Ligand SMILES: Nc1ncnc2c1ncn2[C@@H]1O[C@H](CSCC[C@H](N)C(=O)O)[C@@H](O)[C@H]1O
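Below, in structure tokens: the form solved without this ligand, a single chain.
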């Protein structure tokens, strides 16, 4: 139970308009053979070109929706569409390119996949809504064989060059012409009634249908993401480290402690309502406040209605208007005015944030989290939280070459007294780096309108 058996049955109804007369009884073994590929019984890490839903979810960073539309089947040109928005036209002789032979088209496919995937994944997973032409066109740009390594590094081989007879990963494939050992999954195999557009539109209004192959490719990957990350969630799946995951997560913990500690000192709320992660611990353990936790799992479809988070059935709910409410990555439609909020901005461009369903995004950092679309109106009762650094720690060095720190946002006893000490200057610079790391990763901070750092200076007396 690791790979998809080649002898698994493949439902062929979706393929019969492009391939009339196709047998209803069909295996992956026979389908692959029909596509022009010879597996010759090989136990070398590539048992099937097709993979299970579970293997696809483990490799979501590799997903590339692919669709082929028969413009005019050997004698006709084909429109090759990708979920990157690219449309290529291959002639047998929203970025739309004119008709070119396969020998040049395949060089473009390798360039595009390599640039899109080199910082995301060790492979490609073609996400299909298979009708026939996409499967039969694969032989014109795909080569298969045993698992291999790059000619220039230790990464697995994803590309092949006929000019040099060598193999490369996504980082070293410049000038390569063939996709090597790609994987693929047919979304139609999951049991769907009706066509791609009708199933996609049930959950998403952001992707339209301009009737080009890239629109179908985008809709296909969108629908796959809804099925695997929106309606079905698995937070037990671990994903590899591809970027600043560790620094971002450490920054988030530093920022949360800083902001919450400062809010409690400036406004002295008697009670804090910590709403979100059922596994959460107190971010400011030494604070005076009555800390009360409320469980809400990360919402992956629509943002929580604030009224449902306070809904208590036949009993009285806790008083949310007393003290402060802390929503650390707990996505609601409209935050109460007495809130401290961290909300991920789904629009952020990064290697951790993949395009999602209905304006939302799939943020992949250790775990995959489909996040609802960022909506500025959720924050109408609050203001953006400005950067500040606060510290009550003693002015002592212990144990880097100096330029004295001058900043109005270094809230320390030394700055109050006229001159920032070396320890607080080092800590301020580290904290500003962590803050910038967290912000550039996509997180946004919001706070109740009465929040004022001027109230922190009198904590030094």
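Residue numbers count along the first chain shown, from 1.
What comes next is about the form solved in complex with this ligand, which is not displayed.
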Three or more ligand atoms within 2.4 Å of backbone or C-beta counts as blocked, none as open; so place this ligand from its pose in the bound PDB entry by superposing the site C-alphas and call it.
blocked
Site check 341, 379 and 439: each within 4.5 Å of this ligand in the bound PDB entry by heavy atom
no
Using heavy atoms only and a 4.5 Å cut-off, determine which of 189, 114, 166, 329 is in contact with this ligand in the bound PDB entry.
329
Although this ligand is absent from this view, report whether residue 383 comes within 4.5 Å of it in the bound PDB entry, heavy atoms only.
no
Quick one: does residue 275 come within 4.5 Å of this ligand in the bound PDB entry, counting heavy atoms only?
yes
Using heavy atoms and a 4.5 Å limit, would one call residue 310 a contact residue for this ligand in the bound PDB entry?
yes
Verify the contact flag for residue 375: yes if a non-hydrogen atom of it lies within 4.5 Å of a non-hydrogen atom of this ligand in the bound PDB entry, no if not.
no
